[PDB]
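First comes one chain, alone, set out as structure tokens in the form deposited in one PDB entry.
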């Protein structure tokens, strides 16, 4: 898992930490502005590792993008003992987006669903249930059911994940790089 030049455990007391555009350090020695920079470094590095895994020319997640857009990230820290300064396992980034979405009749619909915009679990610990734990937490906090989500450019791994954990299989064909499932328009 990803290690940093600072104490991750002190920075993030909870196993899953929710952050928005304000990048607020969880409550409660280092100055607030310095804690905020630590958070920014974490988000930047997570964004980079995700991008490299998805073969992207540039990250779609970074600290600066987070603030200027108004997206929300959920960050899962490592529960095992790695030195002793803690570590980060992965994250999921969500946000509402206005989209034109095709239905089963091939008509375009104006909608604004919650979208899964980025999602990454460290390669070394994938397939150990971390992705499900993070996803479940996000669902409970965001108050949405899985079939109401739009998924941005999902990988084959993520499609298999959604079918396994949430029985999401049947898609409604789109032209815009988002994926939606049957029941989205329900």
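Positions refer to the first chain, counted from 1. Basically, rigid core = biggest C-alpha set you can superpose within 1.5 Å across the two forms.
- A fit on the rigid core, followed by a root mean square over CA positions in 7 other deposited structures of this protein, ranks 87 to 95 against 105 to 113 and picks 105 to 113 as the more shifted one.
- Of 49 to 57 and 129 to 137, the stretch whose C-alpha atoms sit farther from the shown form in 7 other deposited structures of this protein, after fitting on the rigid core, is 49 to 57.
- Residue 35, modelled here, also has coordinates in every other compared entry of this protein that models residues flanking it, well short of the third needed to call it frequently missing.
- For residue 82, the fraction of other compared entries lacking coordinates, among those that model flanking residues, reaches at least a third.
- In terms of unmodelled positions of the deposited sequence, the stretch from residue 28 to residue 29 in this entry skips 4 to 9 residues.
- In terms of unmodelled positions of the deposited sequence, the stretch from residue 82 to residue 83 in this entry skips 1 to 3 residues.
- Of the two segments, 73 to 81 and 94 to 102, the one listed with the higher mean B-factor is 73 to 81 (C-alpha atoms only).
- Mean CA B-factor, 174 to 182 versus 159 to 167: the higher value falls on 174 to 182.
- For the set 50, 67, 148, 41, the PDB entry puts the maximum C-alpha B factor at 67.
- Across 37, 55, 140, 62, the entry's maximum B-factor at the CA atom is seen for 55.
- Per-chain ranking of the deposited C-alpha B factor places residue 24 in the highest third.
- Placement of the Cα temperature factor of residue 125 within the chain: highest third of the modelled residues, per the deposited record.
- Residue 16: CA B factor lies in the middle third for its chain, per the PDB record.
- Among the modelled residues of its chain, residue 132 has a C-alpha B-factor that falls in the lowest third, as given in the PDB entry.
- In the PDB entry, residue 107 places in the highest third of its chain by CA B-factor.
Form deposited with a partner chain bound: not shown, discussed below.
- Three-residue candidate spot 112, 148 and 171; no residue lies within 4.5 angstroms of its partner chain in the bound PDB entry by any non-hydrogen atom.
- Although the partner is absent here, residue 60 lies within 4.5 Å of its partner chain in the bound PDB entry, judged by heavy atoms.
- Using a 4.5 Å cutoff between non-hydrogen atoms, residue 153 counts as a contact of its partner chain in the bound PDB entry.
- When its partner chain is considered in the bound PDB entry, residue 21 lies well away from it, no heavy atom lying within 4.5 Å.
- In the bound PDB entry, its partner chain lies within 4.5 Å of some heavy atom of residue 65.
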